[PDB]
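A structural walkthrough
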Amino acid sequence: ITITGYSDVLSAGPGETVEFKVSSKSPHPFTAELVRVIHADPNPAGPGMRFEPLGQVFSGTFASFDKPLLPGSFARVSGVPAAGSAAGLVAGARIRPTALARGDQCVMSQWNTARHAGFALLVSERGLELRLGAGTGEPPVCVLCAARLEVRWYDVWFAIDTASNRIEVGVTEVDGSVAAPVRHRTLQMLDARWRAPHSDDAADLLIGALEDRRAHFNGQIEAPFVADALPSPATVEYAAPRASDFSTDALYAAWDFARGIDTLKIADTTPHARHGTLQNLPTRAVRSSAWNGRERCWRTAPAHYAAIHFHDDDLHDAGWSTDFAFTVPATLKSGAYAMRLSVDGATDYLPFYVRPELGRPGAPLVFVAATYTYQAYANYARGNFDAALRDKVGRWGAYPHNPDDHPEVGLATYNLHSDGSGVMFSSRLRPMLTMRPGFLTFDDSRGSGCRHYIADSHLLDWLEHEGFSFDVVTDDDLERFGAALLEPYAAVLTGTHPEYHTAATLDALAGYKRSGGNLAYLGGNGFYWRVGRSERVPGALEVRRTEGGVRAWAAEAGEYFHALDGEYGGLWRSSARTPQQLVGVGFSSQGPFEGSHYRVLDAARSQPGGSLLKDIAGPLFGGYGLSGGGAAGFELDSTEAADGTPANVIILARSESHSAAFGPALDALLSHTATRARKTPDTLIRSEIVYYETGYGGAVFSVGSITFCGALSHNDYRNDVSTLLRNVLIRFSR
Amino acid sequence: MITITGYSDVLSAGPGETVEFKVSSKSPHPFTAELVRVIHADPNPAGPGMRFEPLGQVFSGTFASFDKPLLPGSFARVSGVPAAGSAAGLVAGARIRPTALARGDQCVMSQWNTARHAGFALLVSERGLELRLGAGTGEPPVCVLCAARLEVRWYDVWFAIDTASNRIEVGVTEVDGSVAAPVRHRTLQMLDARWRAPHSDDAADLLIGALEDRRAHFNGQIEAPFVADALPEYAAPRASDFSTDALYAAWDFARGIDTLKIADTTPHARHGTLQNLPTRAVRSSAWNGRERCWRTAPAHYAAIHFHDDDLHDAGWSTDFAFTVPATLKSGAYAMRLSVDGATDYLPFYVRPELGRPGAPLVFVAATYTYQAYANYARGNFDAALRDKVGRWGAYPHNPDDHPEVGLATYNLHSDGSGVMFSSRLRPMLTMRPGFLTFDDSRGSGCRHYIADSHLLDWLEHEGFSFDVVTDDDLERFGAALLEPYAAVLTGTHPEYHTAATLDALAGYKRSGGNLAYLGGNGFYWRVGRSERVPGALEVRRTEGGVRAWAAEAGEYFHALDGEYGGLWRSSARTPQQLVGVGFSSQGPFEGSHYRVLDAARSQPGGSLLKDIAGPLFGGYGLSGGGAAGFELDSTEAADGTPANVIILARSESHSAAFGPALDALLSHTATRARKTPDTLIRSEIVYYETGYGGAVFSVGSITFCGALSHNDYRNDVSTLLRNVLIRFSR
């Protein structure tokens, strides 16, 4: 990829600054030009790509530096001497390797690359291997403990005993009750192939990787330790040495991963206090060896959560230097923007949002950009970027690079890691190819195949063409400012897929409802998953797919609480907040990216809010759209009084004729033949458009379909779907 | 109604232990009790029929018939307390969440000396909130009504009799004021000497959840009730508003969540006792989502859920007892009851002595599963089934027609909540020999106790002696009880288990034993229990899976033992890790046939397939007409299946009504192993070695044993099990 980058924040109000971090692998400088994004879908059959150039607001030419992406998580203990004494060196850990077929993976290492001095303890399908530096003029010593290690808890160690003139490398299975527990060891004579380190031999101590930066560990490490003497003799042929076996003197370090589970620090419990720092956001708050099932929450039982899960594809915070900054002038109207980057014919877009001042709005409407959901889907490598799609990207002039070809940009929370575990973290401090104008997600046979940021621009482009002024706020803005940020507006509008939320963003929308506002839920499958977040780890979102529902992977028992903020993760249902309580409808069906039509329930025209159907002939409508060819499609929401729909809900229309591939949302089911309402599951395959009054003075309008806004621009913005939204926004504006 | 029925305090006894039997007879004549050994309990004419061995020479007796009642409905009783009130008046109130106001008058708090017409009662209904005051020997009671339309939300309710102001007040306020239209109503009446201070002889029990002049059982949650005998833009009076002096009592339901005691926090120490086992460890008004475990956050679980149909411990007096003589061999027994042409059976088990086996095989009676299903009113007892029950001479009473015996953990309560508790201290009509569960077009329609007798009758007929232990025995004794036997055999549906019973079976494998998993859908749900409440099981259907109801967020931990409830999957123990296969499909009560994997005959343990022609077999049976049916288990390496598993056969041709088990699904198009869901509709018979010296044999089908007796015990399924048990016995 020639040029790409990211910003430290995704939204800034008047007087706030966005720092942009660009990586350019050209030898010539690049250009940055501010644009306002109007339509980001490059499908020729629709409005096409549309920007408003604002180079006169911000323009610049800047020097190109090529900055790298290094996936793989690990911990660095810095500013420590080389380990060892004249008596020797001992190091070890409790480990659970989750992908040994991937090669040499380092448990712990300390290596001065220049002086060829240090140690490294590694595992692979060959067993447990010790590498010792031998100086500038000898190849390294290697001692191998051949064992067939599986995905279980093992104790691994090496010991250099000068007095006995022996090296030992061993591995013992922690659970001795299994039928054939592994216990192997290798004994070599030392023969002055090792001598106590010297002051200049110093280097950082790493856990999970090796620096001469490679051999990233996949799986769990628990309680690593280093000692520079042999264990105090106490009274099974051999056992693994652990930190408890050493005098406090002899301990060089002993890390307890149970301390600080919601932080990036690994704590050393010896008086040396040789702490370390985790890099690339490994997964904490996972079961360790003492976990037995009686404890399920790391906040009250940290000794059962005394391990950290490392993955060789973890990616958080690229650490790129800031190429330029932009401070929002008090005259730039709130909207959706980007920095068009350009060099050698290659272009990127760095999207960001200009947020209104709290309490003084610039329009009657505000749109909520679903940045938590964008970030959770960020860089989803869907394995679908085949020749036919790659061809369409060219023909249409769409954003040229896809996560399937670019694993250097890391994964989404819809992916699995290399060892097969679910990706629980997603960073926004990296290039997010899936949030670029022009990016296509699906080879859509009946439309563009655009999602999230790009598909949300259908609505922003429609809002503009119909003369509706709007301000834009993000999920982070709601997290920061609360309902008070929304209160000034006559209606709040969602995107096409507001799926991921915190208690703060849900509370912002409910408080806005309670203040008397109007809510336009213009998507499907909203308010379904919880995200975790921390002030202590900015730029990361956490997702733990607990219990059930439609999920790309399943969290393990006991690991349901977030590490970032300690909250119970998973379905919002699972924390007593169903979508129906916010917007009257809830996720009920999911199928492929294909849409269908609505049918008017004409009984509605006479009820409160049935005038919203005026100028829609019917009885069908909406059988068109840039998102899968229909206004009701992909993921659908319907009414459930039991799941919280208000008794005054007015169903205006109800979809039909979805393909046989549409099935029921699992979390709505007690069995494969009965819903939670004890109806049959086929009653779930439908999208329902509803209207109701909140009882606080405002109303709610819900479409329950991700593809709904994809139909707005059909027939040059003149169609039934366009007419319906116009009726809503006119009504919501008195 | 039911002429004679009953139950026992325990279901198994070893040598020298005693079983106490409690009988209710509506006859004016005495009844007879006679000991029998149950051999076959299925009354289907097309199969071996009912079969007993009478042992009246071991125990017989004639006993007076007493009619003993069944009174459903949970509540708390505070006894040994004076009548509440002073010359200044009386105030009482509580925080409530009514879950079924259309069911009639439902009492929050009451105290009523019925003879002297003295006391109080605070009730709710669809009409509002009502105070009833006693009025004396020759007057009807006072009634003051605060008309309000109450919903299923948290309200504060109270009444106050203030003699100084000559006022009665009855009021209700919605706890959450942030709602659109918060309810705030009250009614004011003049007192006019329609009440004064109580007298010593007015004393009576104070009840929470019911009224005794015993009626008006409350449906929903009660939290922090209190009584005061003094007074502290109206607001609800709460216990915090009163002098220490002015408080008669103030109960905090958060204290003792795993007990039946309700604790009074005032120095009066006027504690109370819960009856019929209402549901504890439920969200209270302060629950906010940050805590999900009552053991570390009791203030979020400071409420109790009452149901007018809770049934635990009938309290019937023992009519007779039986002490097991050293000469009665371990087996499945019953007490045949008889009076006026009516017959009941009181089943129980004789357990071998620890360490002294009497046979090479032991059978595990799935009593935790029987109890979880006990008195399951399925709504299926129509004219056709009642007729079939007549023709076959089957047990004549069904839970559907006889609701005084309470519910199963598969039913919903009257207020719509899931039934979390099942008592064994009540008549269990579904554990009687002769009980039919389903109108089966292709067999008997038999489950659990009765279906397990297919296996017990086959073992006898094939000459295999066996001992019997129950789940409760494994809970008490552990793997040590199983160790002496050459093989442990399960029943048709060993579904419900504790950590102690799962450990007894795993420990037995590690000791070198052989395990015959002869059912389907085993080891699936967790059960809770405690020695503090003997005779009760708790089931909380958390997270997912195939479930009759869904537990609420934050209520996933048992009240009885504090453990995380639900699927054993959700406690990190899948069925596959124990027996190599795990629940994967369920359909109607229908069976189909297996197909031999002929690659198996040459592998380890393919000699078990000897004398089975194939490639199909088992297309017959007393349970749904096929040896693979109803609920099926198949292999999953990801869920823990050993790598040396050998698939001997695989079912096929199940009806379109058979679907996948929900907890095996990531979406409607992908399993946890990322295969398509149709790969789940199959039962797989497996054999493998444990590595400790023994082996495991698993059929993964509930209906398997329904085919053992086919064609006078000479058939492929009979041949298969015979081969296994012979092999397991050297």
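As recorded in the entry header, the structure was determined using X-ray crystallography to a resolution of 2.75 Å.

1. Side note on the sheet that holds strand β31 (residues 514–517) of chain B
All names here are of chain B. If you trace the nine strands from one edge of the open sheet to the other, you get β28-β26-β29-β31-β43-β42-β38-β35-β36, paired in mixed fashion. The sheet terminates laterally at β28 (466–470) and β36 (616–617), the two strands that pair on one side only. As judged from the three bridges shared by strand β35 (residues 594–596) and strand β38 (residues 646–651), these two strands associate in the antiparallel manner. Across the sheet, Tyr594 pairs through a bridge with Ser651, a residue of β38. Strand contacts of helix α3 (residues 448–461): β26 (361–365), β28 and β29 (487–489), with the helix running at about 165° to β26, the strand carrying the most contacts. Seen against the sheet, helix α6 (residues 499–510) touches β29, β31, β42 (684–689) and β43 (695–698) and runs at an angle of roughly 150° to β29.

2. Considering the packing of α3 of chain B against helix α9 (residues 716–727) of chain B
All names here are of chain B. The N-to-C vectors of α3 and α9 enclose an angle of 70°; their axes lie 12 Å apart at closest approach. As far as their axial angle goes, α9 and α3 are roughly perpendicular. When the axes of α3 and α9 are compared, the crossing they make is right-handed. Listed contacts from α9 to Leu455, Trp458 and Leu459 of α3 are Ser718, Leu721, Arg722 and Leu725. Its residues placed into classes, the contact of α3 with α9 shows five nonpolar, one polar and one charged.

3. A closer look at the layout of surface pockets
Here the second largest pocket is characterised by a volume of approximately 750 Å³. Around the second largest pocket, the lining is made up of 31 residues, and of these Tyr376, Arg378, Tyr410, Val546 and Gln586 of chain B lie nearest the centre. Contributions of two or more residues to the lining of the second largest pocket are made by β39 (669–671) of chain A together with β34 (582–592) and β37 (628–634) of chain B. Tallied by class, the residues present in the lining of the second largest pocket amount to 16 nonpolar, seven polar and eight charged.

4. Re the environment of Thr300 of chain A
Secondary-structure assignment places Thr300 of chain A in the loop between β21 (283–286) and β22 (307–310). Those residues within four positions of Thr300 of chain A in sequence are excluded, and the remaining contacts are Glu295 of chain A together with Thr296 of chain B.

5. Some thoughts on the interface of chain A and chain B
Counting residues at the interface gives 46 residues for chain A and 46 residues for chain B. Both sides of the chain A and chain B interface together cover about 3300 Å² of buried area, and 48% of this is carbon and sulfur. Three residues stand out in chain A for area buried against chain B, namely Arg294, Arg296 and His672 of chain A, and they jointly supply 20% of the buried area on that side. The tally of links from chain A across to chain B stands at four salt bridges. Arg295 of chain B is paired through a salt bridge with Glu295 of chain A; the nearest N and O atoms lie 3.7 Å apart. Where chain A packs against chain B, one counts 27 residue pairs in polar contact. Of all the secondary structure elements, the ones that give two or more residues to the side of chain A that touches chain B are β38 (663–664) and β39 of chain A. Here the element with the most residues in the side of chain A that touches chain B is β39 of chain A; it accounts for three residues. In the side of chain A that touches chain B, the residues fall into 20 nonpolar, 12 polar and 14 charged.

6. Let's talk about the sheet that holds strand β3 (residues 17–24) of chain A
Residues and elements named next belong to chain A. Taken in spatial order, the three strands of this open sheet run β1-β3-β23, and their pairing is antiparallel. Of all the strands in the sheet, just β1 (3–7) and β23 (324–327) have a single pairing partner and so form its edges. Each adjacent strand pair in this sheet contributes to an overall mean axis angle of 25°, direction not counted. Pairing between β3 and β23: four bridges, direction antiparallel. Across the sheet, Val18 pairs through a bridge with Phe326, a residue of β23.

7. Here's the deal with the packing of aromatic side chains
Across all of its chains, the model carries 59 aromatic pairs over all chains by this definition. With a centroid separation of 6.4 Å and 50° between ring planes, the pair formed by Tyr373 of chain B and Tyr376 of chain B is classed as tilted. Neither residue differs from the other here; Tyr373 of chain B and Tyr376 of chain B are each classed as buried. Their ring planes at 80° and their centres at 5.5 Å tell us that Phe557 of chain B and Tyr564 of chain B sit as a pair that is edge-to-face. Judged on exposure class, the residue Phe557 of chain B and its partner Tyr564 of chain B are both buried. By the ring-pair criterion, three or more aromatic residues cluster together here, those being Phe20, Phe30, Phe58, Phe62, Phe324, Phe326, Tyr337 and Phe352 of chain A. One cation-aromatic arrangement involves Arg132 of chain B over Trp112 of chain B; the distance from NZ or CZ to the ring centre is 5.1 Å. If you follow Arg336 of chain B out to its NZ or CZ, it ends over the ring of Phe52 of chain B, 5.2 Å from the centre.

8. Quick notes on the side chain of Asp663 of chain B
Residues and elements named next belong to chain B. Tracing the backbone through its elements, the reader meets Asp663 in the loop between β39 (659–660) and β40 (665–667). When its relative accessible area of 10% is taken as the criterion, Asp663 is described as buried. Within the local environment of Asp663, its side chain forms a polar contact with the side chain of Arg569, the two groups lying 2.9 Å apart. In contact with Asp663, other than residues within four places in its own chain, are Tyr524, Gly545, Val546, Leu567, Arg569 and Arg672.

Scoring rules and cut-offs
- Residues numbered from 1 in each chain as written, not as in the entry; some residues may be left out.
- Chains lettered and ligands numbered in written order.
- Heavy atoms only, no water.
- Pairing = 2+ DSSP bridges.
- Helix = DSSP H or I, 4+ residues; strand = E, 2+ residues; numbered from the N terminus.
- Contact = heavy atoms within 4.5 Å.
- Axes fitted to C-alpha atoms, helices over the stretch in contact; angles between N-to-C directions.
- Parallel < 35°, antiparallel > 145°, perpendicular 65-115°, else oblique.
- Left-handed = near helix turned anticlockwise from the far one by under 90°.
- Nonpolar A, V, L, I, M, F, W, Y, C, P; charged D, E, K, R; others polar.
- 1 Å grid on protein atoms, 1.4 Å probe; cavity = no way out; pocket = protein on both sides within 12 Å on 5 of 7 lines; lining within 4 Å.
- Points joined across faces, edges and corners; volume = space filled by probe spheres on them.
- Buried area = accessible area lost by both parts, 1.4 Å probe.
- Salt bridge = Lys/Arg side-chain N within 4 Å of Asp/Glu carboxyl O.
- Polar contact = N/O pair within 3.5 Å; in protein donor to acceptor, adjacent residues only side chain to side chain.
- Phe/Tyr/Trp six-rings, centres within 6.5 Å; stacked < 30°, edge-to-face > 60°.
- Buried < 20%, exposed > 50% of the residue type's maximum accessible area, 1.4 Å probe, protein only.
- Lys NZ or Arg CZ within 6 Å of the ring centre and 35° of its normal.

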